[PDB]
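[1] Following this: a sequence and the matching experimental structure.
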Amino acid sequence: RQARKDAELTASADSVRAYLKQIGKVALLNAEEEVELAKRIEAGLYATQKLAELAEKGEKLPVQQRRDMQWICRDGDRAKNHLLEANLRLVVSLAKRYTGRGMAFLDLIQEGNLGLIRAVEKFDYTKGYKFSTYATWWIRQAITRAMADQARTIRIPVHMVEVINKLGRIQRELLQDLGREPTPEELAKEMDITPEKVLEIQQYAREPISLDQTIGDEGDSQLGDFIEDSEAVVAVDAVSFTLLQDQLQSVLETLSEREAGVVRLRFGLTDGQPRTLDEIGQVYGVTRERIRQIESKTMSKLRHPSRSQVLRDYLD
Amino acid sequence: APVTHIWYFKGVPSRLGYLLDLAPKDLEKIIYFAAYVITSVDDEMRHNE
Amino acid sequence: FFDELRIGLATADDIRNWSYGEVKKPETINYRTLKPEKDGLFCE
Amino acid sequence: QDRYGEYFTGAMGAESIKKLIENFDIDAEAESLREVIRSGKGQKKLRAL
Amino acid sequence: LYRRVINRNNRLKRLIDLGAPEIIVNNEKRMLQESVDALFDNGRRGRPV
Amino acid sequence: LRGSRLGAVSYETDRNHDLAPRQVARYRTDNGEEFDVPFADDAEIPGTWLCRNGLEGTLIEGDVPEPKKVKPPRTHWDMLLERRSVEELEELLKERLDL
DNA sequence: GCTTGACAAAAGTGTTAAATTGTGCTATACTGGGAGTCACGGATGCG
């Protein structure tokens, strides 16, 4: 009945259970059977590039060799595919170390596969070393690079996450020396950096929380309902400025004719572009210092309380 | 690569399954890389003697 | 003005039309200077 | 595939279902179902309906 | 969730470039489909993210 | 608490009857589509642009193709030449002469 | 309704140094996870 069968009905929707069984459809290779594959890959690649090298000039070749070269290329490609498939189990073994540290397990396996690929494009039989020994380093490289590059919503770069890991490991380890969680003094005494930089690093290592968490001992309110907006438009100000635009530009400006005209350009009230002295001295037929003089006259006359009394109340 | 909207792959009824006349489990196997399916076949090598 | 509300099944072309840009990069905001990135999920 | 992979086309995943829906014809199954509903008596009638 | 797409898609864009074996690309496309399914409506398939 | 948005609000005078002169350019894309961009009075004429559809495009007028170029990617063959000389590869090609 | 000239402060150019960011590389050998069930209507089939 459903009680017994349900435990296996979902088995088809678990890539962790299914990939690890579809993976093992090829037996793991040994040392004797991989040098041949590597040599054949190298031969195929070199022949493939020699086709282009010769075609740069153009010549015709015997049919037998013409077909043998293509066979070599294809079968070296097959050798590469076989070698890639023969070590996905090692990839999984290495990847299963990093489970739970942000990245998804299957993503870690895929990145280990990328590391395996880059390893096979450098494994050299001529040195006599095993494929596993060389490829483990590259698998770790790829997996760790990915896990440090995209395991956070905010990307702390490789060089920064590096020092963050150094700080974390030192903080974890040094506790046993004194029985306390190290503070900036103790951390700085061994990180070879000053306390303020350590504080900056600790702040930089911060991670964002989710708004969807539910607070209030009930599943009704949310963390985010009570977020006050600091940017929200306030109607009164929207009104007030308009009134100022209808009080400053409209009334007080219309009291000195051309003498007030300089204020229109000097402060850019009519266009928004402030203008320098000479730039508005040459629109008329006067020098920059004449503009300065008329501006001083206007400032002295307008600054007087008799007119400033109306304009002051906005921010008195 | 292409992708299929989940709301139509399943839901009792599975709109995609009824549209293509495939059972939900058979359709599940195809979409999710578990079995092959024949898209088309040419009669020139089926009725050719 | 509102007379009725239609709910169709969006095709690929409609989805392309609805977007003024493509998200080609997975970062949200720069960890430093706190600004959106050039191709992230928050790009200006 | 090795012995006559040239005679046909087979695929898996959502791409193959894309092709299947592409070649699927609406005018075809409609008549078949309309006939089966009335032609059939038992469960087949309900499935066609 | 969106990132889980943009990542898995991007890596797939790389894997096609490298011409990786069928298993690698099939697994990548399966993960892409699963991630899009989680993005649209989580929990209707398998365990939720 | 107070929340921030990495933004701000302004309320100065909007208008349409007075506007700075646009300089409109159009770009054709490698996917066959064309788009338009209005630029400012500075009279700049950029030759390349990145369009909405996620693909780069070039000015329809067609001035100064390929403005700039970047280092080509490295390839498995280069990665092989870094650990082998041509003589050994030719020797292997000889070794694979027949079955 | 305003000029010549002279000084000092602020707004730009350019070269260089320092820091900040991105990609590659490490060779004994190791080879395939693990996590705390029942109730409801609908598809199939019996006569």
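    Yep, that arrived. Residues are numbered from 1 along each chain as shown, chains lettered A, B, ... in the order given.
[2] hang on, residue A:248 in a strand?
    No: under DSSP: H, G, I helix; E, B strand; the rest coil, residue A:248 falls outside any strand and is assigned helix.
[3] who touches the closest residue to it other than its chain neighbours in this structure?
    Leaving aside its chain neighbours, residue A:248 sits nearest to residue A:311 (6.5 Å; criterion: Cβ to Cβ, 6 or more residues apart in numbering or on different chains). The C-beta positions use only the backbone N, C-alpha and C, and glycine is treated the same way. The neighbours of residue A:311, taking Cβ atoms under 8 Å, 6 or more residues apart in numbering or on different chains as the test, are A:247-248, A:252.
[4] Weed out the non-buried ones from these.
    Among those, those classed as buried by 16 or more other Cβ atoms under 10 Å in any protein chain shown are A:248, A:252.
[5] Reformat the contacts of residue A:311 as TSV; add distance to DNA strand G.
    Converted to TSV, the contacts of residue A:311 look like this (distance: Cβ to the nearest atom of the strand, whole Å):
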residue	distance to DNA strand G
A:247	28
A:248	24
A:252	22
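[6] what's the spacing between the closest residue to residue A:16 other than its chain neighbours and chain D?
    Leaving aside its sequence neighbours, residue A:16 sits nearest to residue A:105 (Cβ to Cβ, 6+ apart; 6.4 Å). Separation of residue A:105 from chain D (Cβ to the nearest Cβ, to the nearest Å) stands at 22 Å.
[7] neighbours around residue A:105, how many?
    Applying other Cβ atoms under 10 Å in any protein chain shown, we find 16 residues neighbouring residue A:105.
[8] ok, now which ones touch it?
    Counting by Cβ under 8 Å, 6+ apart, residue A:105 touches A:16, A:95-96, A:99.
[9] again, but for residue A:278
    The contact partners of residue A:278, taken as Cβ under 8 Å, 6+ apart, are A:287-288, A:291.
[10] Check the secondary structure at it for me.
    Here residue A:278 is recorded as helix under three-state DSSP.
[11] which residues touch stretch A:18-34?
    Contacts of stretch A:18-34 (Cβ under 8 Å, 6+ apart): A:11-12, A:37, A:82-83, A:85-89, A:92, A:106, A:109, A:125, A:130-131, B:34, E:23, E:27.
[12] Just the ones in helices from these, please.
    Of the contacts of stretch A:18-34, the ones assigned to helices by DSSP state H are A:37, A:82-83, A:85, A:88-89, A:92, A:106, A:109, A:131, E:23, E:27.
[13] Tell me if I am right that residue F:27 is in a strand.
    Yes: looking at residue F:27 with three-state DSSP, it is inside a strand.
[14] these two touch, right, it and residue F:59?
    Yes: if you go by Cβ atoms under 8 Å, residue F:27 and residue F:59 touch, sitting 5.8 Å apart.
[15] Up against DNA strand G, what does chain B have?
    Residues of chain B found near DNA strand G (Cβ under 7 Å from any atom of the strand) are B:12-13.
[16] So what's the residue count around residue 27?
    Looking at chain A here, since you left the chain open. By other Cβ under 10 Å, the residues close to residue A:27 number 8.
[17] Chain D, not that one
    Using other Cβ under 10 Å, residue D:27 has 6 neighbouring residues.
[18] try the one 5 residues further on
    The burial count assigned to residue D:32 is 12, neighbours taken as other Cβ under 10 Å.
[19] Likewise for residue B:44?
    Other residues near residue B:44 come to 8 when the count uses other Cβ under 10 Å.
[20] That one looks like it's in a helix, true?
    Yes: counting by three-state DSSP, residue B:44 falls inside a helix.
[21] Report the buried residues of stretch E:35-49.
    By neighbour count on 16+ other Cβ under 10 Å, the buried set for stretch E:35-49 is E:35-39, E:45-46.
[22] before we move on, what about stretch C:32-44?
    Neighbour-count burial for stretch C:32-44 flags C:37, C:39-41, C:43 (criterion: 16+ other Cβ under 10 Å).
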